[PDB]
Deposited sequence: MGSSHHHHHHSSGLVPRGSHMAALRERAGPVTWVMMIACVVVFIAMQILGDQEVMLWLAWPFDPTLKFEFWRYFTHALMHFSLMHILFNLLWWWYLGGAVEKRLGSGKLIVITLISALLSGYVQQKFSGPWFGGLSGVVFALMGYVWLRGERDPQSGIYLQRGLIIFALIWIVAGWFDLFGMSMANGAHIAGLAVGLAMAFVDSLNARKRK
């Protein structure tokens, strides 16, 4: 089956944070968890990652935790918890970095981590089938529909979207060199 402790701890973290957003309001939690909006804040190191935990609607957190539990679960089960931790930490850091550049510091959501998992699971399952991981054609369809819809603003954090994807592809490429 699928139930890794990293998978579930991320799901719980996200839900705990989202409960807090509901009691305190978004901005209040945003003021503490969002990417540093002022260089003076730059040594508040949690912020480079914590933006990933914030969600701005129930639909967003469910949809994201679905993808996370599905693709995240698969990575933890087949490749270990350490691999899931690293993809998570790198993609959260890098998609937030790019996202801040694209449109400043007010954003959140696990969807950059998710696009990194999509990138990773797909390329890894392509170049390296024995990993026991793969992304289906229907889901890479929807992923592609999902990015470009963010371009055309019908998925708002585009730098996050494209950043995360890139990160997952690159790491899967690296990991698929090694066998």
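Missing C-alpha coordinates mark the following deposited-sequence intervals, in order: 1-25, 180-182, 208-211.
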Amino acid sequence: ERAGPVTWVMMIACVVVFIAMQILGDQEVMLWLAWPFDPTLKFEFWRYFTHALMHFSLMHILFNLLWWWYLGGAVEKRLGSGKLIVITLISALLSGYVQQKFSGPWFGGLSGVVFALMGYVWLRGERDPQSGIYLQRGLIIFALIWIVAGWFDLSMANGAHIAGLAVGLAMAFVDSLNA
From here on, numbers count along this sequence of modelled residues.
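Here the stretch with the larger average CA B-factor, out of 18-26 and 164-172, is 18-26.
Note on 109-117 vs 50-58: mean CA B-factor is higher in 50-58. Highest C-alpha temperature factor among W67, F37, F43, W151 per the entry: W151.
The entry lists a Cα temperature factor for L123 that places it in the middle third of the chain's modelled residues.
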